[PDB]
Amino acid sequence: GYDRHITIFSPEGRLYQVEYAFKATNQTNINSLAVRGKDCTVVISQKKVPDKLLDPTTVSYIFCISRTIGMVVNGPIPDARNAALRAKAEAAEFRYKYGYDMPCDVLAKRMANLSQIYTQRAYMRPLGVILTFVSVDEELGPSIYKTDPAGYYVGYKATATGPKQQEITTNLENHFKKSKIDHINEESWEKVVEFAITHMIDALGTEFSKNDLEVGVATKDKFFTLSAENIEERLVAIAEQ
Amino acid sequence: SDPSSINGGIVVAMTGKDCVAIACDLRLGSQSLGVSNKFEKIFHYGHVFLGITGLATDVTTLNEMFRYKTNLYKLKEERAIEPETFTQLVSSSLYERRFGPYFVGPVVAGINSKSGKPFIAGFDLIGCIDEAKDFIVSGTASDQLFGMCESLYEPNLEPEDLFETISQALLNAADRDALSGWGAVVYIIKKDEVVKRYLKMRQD
Amino acid sequence: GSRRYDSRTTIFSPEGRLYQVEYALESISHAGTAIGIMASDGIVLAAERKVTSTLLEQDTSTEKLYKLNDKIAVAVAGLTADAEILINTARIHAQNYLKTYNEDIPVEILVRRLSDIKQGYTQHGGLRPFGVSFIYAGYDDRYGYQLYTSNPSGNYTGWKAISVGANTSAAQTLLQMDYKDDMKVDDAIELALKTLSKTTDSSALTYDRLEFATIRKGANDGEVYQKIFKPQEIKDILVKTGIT
Amino acid sequence: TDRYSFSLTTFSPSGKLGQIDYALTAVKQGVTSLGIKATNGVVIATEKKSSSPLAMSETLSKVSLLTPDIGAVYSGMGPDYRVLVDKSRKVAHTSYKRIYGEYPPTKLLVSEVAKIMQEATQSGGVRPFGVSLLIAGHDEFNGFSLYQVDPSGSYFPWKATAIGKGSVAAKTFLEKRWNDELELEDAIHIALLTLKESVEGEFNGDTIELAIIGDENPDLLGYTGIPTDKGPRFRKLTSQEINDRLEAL
Amino acid sequence: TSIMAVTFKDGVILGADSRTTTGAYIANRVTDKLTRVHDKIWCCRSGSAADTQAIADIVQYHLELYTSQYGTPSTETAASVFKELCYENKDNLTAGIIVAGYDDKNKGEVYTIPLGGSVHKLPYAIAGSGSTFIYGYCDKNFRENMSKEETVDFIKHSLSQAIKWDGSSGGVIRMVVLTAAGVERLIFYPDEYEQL
Amino acid sequence: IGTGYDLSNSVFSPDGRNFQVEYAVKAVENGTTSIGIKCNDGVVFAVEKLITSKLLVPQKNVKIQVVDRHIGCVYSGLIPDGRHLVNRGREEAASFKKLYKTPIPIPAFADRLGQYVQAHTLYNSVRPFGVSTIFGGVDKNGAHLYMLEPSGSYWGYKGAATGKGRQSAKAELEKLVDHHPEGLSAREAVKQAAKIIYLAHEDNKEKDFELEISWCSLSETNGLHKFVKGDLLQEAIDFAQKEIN
Amino acid sequence: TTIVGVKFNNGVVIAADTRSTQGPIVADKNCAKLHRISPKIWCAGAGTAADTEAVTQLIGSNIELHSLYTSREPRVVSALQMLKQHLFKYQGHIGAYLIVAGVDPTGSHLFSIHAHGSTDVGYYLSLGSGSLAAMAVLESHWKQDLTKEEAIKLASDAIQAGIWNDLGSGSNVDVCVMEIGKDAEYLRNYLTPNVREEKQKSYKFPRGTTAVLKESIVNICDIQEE
Amino acid sequence: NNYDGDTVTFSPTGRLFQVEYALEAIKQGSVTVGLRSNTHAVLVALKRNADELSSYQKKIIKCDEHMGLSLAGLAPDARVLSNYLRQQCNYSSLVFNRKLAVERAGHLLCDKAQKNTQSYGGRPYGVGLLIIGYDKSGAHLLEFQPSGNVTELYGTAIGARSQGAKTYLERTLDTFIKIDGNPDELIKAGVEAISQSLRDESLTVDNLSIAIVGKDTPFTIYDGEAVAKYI
Amino acid sequence: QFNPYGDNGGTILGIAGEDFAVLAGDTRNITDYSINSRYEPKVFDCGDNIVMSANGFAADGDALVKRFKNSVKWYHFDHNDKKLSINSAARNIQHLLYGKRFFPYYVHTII
């Protein structure tokens, strides 16, 4: 009667409602591509500014969670600020009670549970966002953990998101099938960002400007985003390619 | 005065080879006045024997407390509880009431059915598991018991050497202590057979 | 809204009748037979399992005989999951009564208590009822053996011989026909297997679908010993009554 | 907030609870998993699957350790398995381990996980779990023991069993290969072999996860010098080990 | 026990001993009383030892979150966090913290919080219980706006006097230097000032 | 399939859209027009306040309420509900000011109100907001300006509008950053805040109105939110009358 | 109760006495005093005898949780920060003074924690009633950079200082040596001083010496059925 | 459809229908007319009895010694709000030594009405109050909607056939403000105003209830023989 | 430590007349050997023809007087401008006193 409107199982054993969350993570229309270097991890995203009046600086989709862990969000921006907020609150809470900085492995599990709990109570709406968590662990190496609206997560060599992500996934696939290694090899992080931009220029069929990009890199013990001035510099190095 | 010396009571426990024995007095006083010469301080859940010293009322409260917990153990896992497993439950029940605790001092004595080893253990007020393979003594004539018991005892005894040692140990502290004595019961716990032997002794 | 999505499980129909209660008894007919026969020296409790397989261990499955306390056992008919919740509540409720009065709980008292919890959910809170029906085999000094069935509604009525679960109609009428008051446990065993042979939903009455238990006064020192039989003793007694 | 305090697990008119049946539907969509109980071990096996080949399955756990003697394996929902493994760990320690000083028997832990199933049919605002677990384990009193916990909330002890999408084929193959006496090396030889008639993707040790609860190890205990304690009887096998034994089928 | 902090041209330099007596028996003598509560805002602990550390953990939890959501805290901000925990459990939590730190916009600042919990800004602070012997030394020979070399001697020379006159002050003198150049630890062993 | 997807708001329709929250945008359209010019110096708010009859009292009612001492909050849509969102941040800011002893940043505030308006879209027990607020101010991180949709979404802006005249206002601010490429002081920007409200009263030329203008600027009021009044205001009005003739 | 915890170049070695007291009377000649949070996080405890055993068992519980929830080794800090926090709430009504030691992937550690929530770090700490004595021996023989074979001797002579001169301490001396990325070795009853002489005679007795009033046999068995 | 029996659900036309229906509670209530000046505000209320033996329903409720509210909606709902206004008037006097401002008292009022229109099982209050009062800013007349929207007016009316009173006041608007220091006339201009809402209901000594507030007068309610010199 | 009650002295004398009443009290306000103020009332009008004085310790005096002038107000409000008797004022005052009986008031109150 009703079962596509709350969070109880259908005759087929499926949760239609949970299925709509995966068709609501594509409304932004933003593509992201995230690759693991030797000692660095890189995430590049599109950033669009619809109008004149809007200022791009504030328009973001790369939110800094820990001080080592960033999170790049595809899908609607309300569910992104709430998801950022909780994840951030937890990250602090872990430091407080166990006295070290949070493993990414655990924040991916932690948020997976909370995601799930929203499909497990009827009132609470689950959050329609795919979060990609980028880090450089101090025990677990460079990693990417991606959560999704079911409250599932799995690790990645590399990953892509957005609506046009089929194209992107295949490009990524070829590079590691050909190579037969699970991560990009190169010690300088500047060039892992470079490799990344090319693979996105080919996959999406477009060249870019500095404002169409917003680039975040996690090195060891810190997360930062590159300014737009610095991003132009990354774009010149593709003519040297 | 002391909340654990206002009715007295003692428990002695000894191991032997292939046997244990435990024993208590039968005195319930209210201070100076003797009220009863037939109150037990030993109880038995299954083939485990739990002797409980200290304040009068908490002996009894605590007996019906473990009566409750032993029933649920046996029902779920379909066997009588072992001595070693039980000792952990005696510790936790004391510790739950960490503040304003049960003013007792129990003694666990058994012989494991899964290994055939004599096994004994003790507790204070708050309950710290006191391993031994000698003997554990507890109560208000415990200062006397610790000296007396050690002196006669030879490491390992036969099942009926063990009746002569733990009987004398108990008698001689109990007639040099004012809140102990007054009739006493000594148990010899073998593999499968427990005999309860009351003792002829001084009533004055 | 949240008012929309409410089932309303605690309303009277226009007939005066509780939908969820009628359905609870309905679903207990899918679950296996359970029989109890009250002798004048013990009680025989015998139940036919709701599922059997050729890969299943059939020698530690408990889904029919469960001990609530030392001298009171149940036979189960309904879903076992539902029964497991109430079974740990009963085990507690019994064990409490022993704790405070230092005497083991009367059979009357323990059975009215289970019915009251069940009644409660159909009475208030908007929660489904538990679809379980128990036959209690139990002893006390007060009237000796008592046999009792309670239902998911929460009412208990005494019985001399009773059946709940699968083929209810078939078993109860047959039981009236063979009933005498001169039976003793030997006879009571034999009739309980014989009624199950008639209700059997399989090829023959086989050991591997039986749980079987008794509470006997022939047990030593003038006291009830509850004996839950192993399947190797069920297999022995199945030759004794001559079915196989 | 909350404003739901009424069940959404309800009886149908011809009897049978509708919701516990639907939940059991979601299980037979999922992966194929098996457990074979031998005389000296229990072996469990499951098949690992990923979004994409760029997803690793070496950082995902479809076999978990609950206590050092009792492991788990599932067929059903990944998300439901995740929460139900954690709540079991938490209740294993808090409702017995503190109090009784040792880890729970296999039966006793099974019994506890069955009430969690029950409270997601009962109590307002919740729907049932959508996993059937095998919980294999070892305790000192039941020997080695195999149980199958289901969304219904009931458990059944087995001799060997299957759950998942290949369940019907699996159990017909398992009927003919269970023997009264099974050695631990023979048990592994049946369990890989059954799972192989239920695979149609890649067959490698990186896609087949196998874990034994064989006999004990004083090398994964982390210490020596207490002879009371004998280490984990649970021992998950890495991809390489499983792979040698695939070439030896 | 003696704790201090002094403002100077390039920022603020913090200073501590390392003896923690309880009774007549010195529990620890290499105590590191200088705690990082952010990454450019360090504090100094004195008083009831468990009750200062407990508070500091909570302040750390507050500032780690403050950074992650709202942006980097200031000396002012951190001190405020500190105050309001001492102030609202002021009967049982007994804490004297000197919160010192280098802002990139206001330079070094010092706050002193005594046991009631009231903030007070100061151009150098002293709190403790070994700092009642060096009160008159610290005021006469101190100058506001000293160059770097001078500052490091000013805090050494005071603690040398504190060591001398107070027996609950001793061991190593630890200094942490907070500047725009960064975060630099110096350590001075006893012969190096007992020489003077 | 099925019937509904508009009875509750912790449903999601299949497209990937919401409801109720999608419908709540139409509710904000029924409101009046309200603008914000983010100046270099600060921000200048202005709001069209309708005068229905002469029965009402002029310059005695407001849609510009202060939050903290340095943040204008000015709103359109359903006015009691918009006042509840203003009420909420007065509470929020006072707690922050207690806790951390500094005037609450605009970027902090932007996060805080955002989470709350998001929060009502996650239960079916409460109604989604059917107002949009345009808020900003001057704190020590520079001048900032924000618009917060009832969707729970907010962005940076340097010019905002909402309500009926959001088409003409959005377009006329496009013109305003394209007149001035190096920007303009807040003193001049009072006069444009008047002009584009009068141009967004041609969508409401069945009515007559009184204009409220307010400013928070670093150096015209020392970073403090006040009302523009008196002689400076009457000059903004005269400029705007000439501009529409 | 003398408990040393001595850090060394490749690890940490923590050793304790085997005496458990209850008042002036020696409860147990031999009892364990080193307990196991985690297989790589050992601890010994001094202060109140029950509250040593339970608080170790309890933060023991939550770390074992936590190590398995993270799929990684449980760190020394993880333990330390929970202990600390837990003890402060009761405001020093739970009497425990633990030497906490251990190795982890991020090196060798050694901590001490007071009953409220002070925590200190040296390369050698001691708590107990023996603390004073223990500590004296260490400061003379100890240097930076000690080998294993060196370390263990320093730990043993340190507890023996404890035994001679402290009366809360006695009997055997237990050791547990931990090195980084090697198994943690428990050498219970490493060094035995004070070995009990032969008693002057036997105090065994012929049969029948004591007097029985009555006898019975009482049943521990379940009711049977013939 | 079900948008109309749920106070938590919109409405594809961008409304809520419940507040609207609640606004119709005011139309079926009785008529009242308020008019104010700079020194005196006045409420002139038409009470309305049920039948011949029934009493007449009081429609001016004393809120304080300088504040009064009058209902025009439904009476039971008005009894929840009347207390609330009294409660915040005594709290303002008690704590801050302040005779609670009229304008600020409106703003409290808003948020009590809003929080039940946001919440399910709740309802908007069906009553709509006209609230007079005399503070240091002078006299004021507030019109409180069931919406929770408050507005400040020289004179207005709500009830049944309210539009005709608004007209009498829209004309005579510039007469009564410049009346100051003469409460006698201010009372007289509202009698004529509520007479345009009649339909042969007349005004007697049992129908008319006036209450005034001054700079030299507290709160007073006239009724009986005290409104019989102002028919 | 803390001590929670003082005394601020002064004296009252209530004389019930035969057709009149008089309630007098000195207005001297002191603390210890200090004179706080020459003049500061200890007789307050409550209106509705009842005078009240609570003399003793000032801080209670101000609050219990205050809580009486609201019980006057609320009486007029909900019993609809009925007259409040001296006799009904008394009974009412007794509950105000008694409401705190474990941290009690400190004033002798005469009406």
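Letters A, B, C, D, E, F, G, H and I mark the chains in the order given here, with residues in each chain numbered from 1 onward.
One rule holds for everything that comes next: contacts are C-beta pairs under 8 Å (C-beta built on N, C-alpha and C of every residue); 3 or more make two chains touch, one makes a residue touch a chain.
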item	value
Chain hops separating chain I from chain D, counting only touching neighbours	3
C-F against A-E, pair bridged by the larger set of C-beta contacts	A-E
Chain centre separation (chain E, chain I; CA means) in Å	54
Approximate Å spacing (C-alpha centroids) for the pair chain B, chain G	27
Inter-centroid spacing, chain H versus chain B (mean Cα positions, whole Å)	83
Multi-partner residues of chain E (at least 2 other chains)	57, 69
Per-residue multi-chain contacts in chain G, two or more chains	69, 71, 85
For chain D, residues contacting two or more additional chains	1-4, 8, 86, 98, 101, 107, 111
Pairs of chains, among all present, that meet the touch criterion	A-C, A-D, A-E, A-F, A-G, B-C, B-D, B-G, C-D, C-F, C-G, C-H, D-F, D-G, E-F, E-G, F-H, H-I
Chain D contact footprint on chain F (complex, rising order)	123-125
Chain A-touching residues of chain F, taken from the complex the two chains share	1-2, 4-5, 7-8, 10-17, 111, 114-115, 118-119, 121-125, 151-153, 155-160, 170, 173-174, 177-178
Chain A-facing residues of chain E, complex	57-58, 60-61, 64-65, 67-69
Touching residues on chain C, where the partner in the complex is chain G	216, 218-221, 223-225, 227
List of chain F residues in touch with chain H within their complex	6-9, 20, 23-24, 26-27, 29-30, 53-57, 60-61, 78-81, 83-84, 87, 120, 124-128, 130
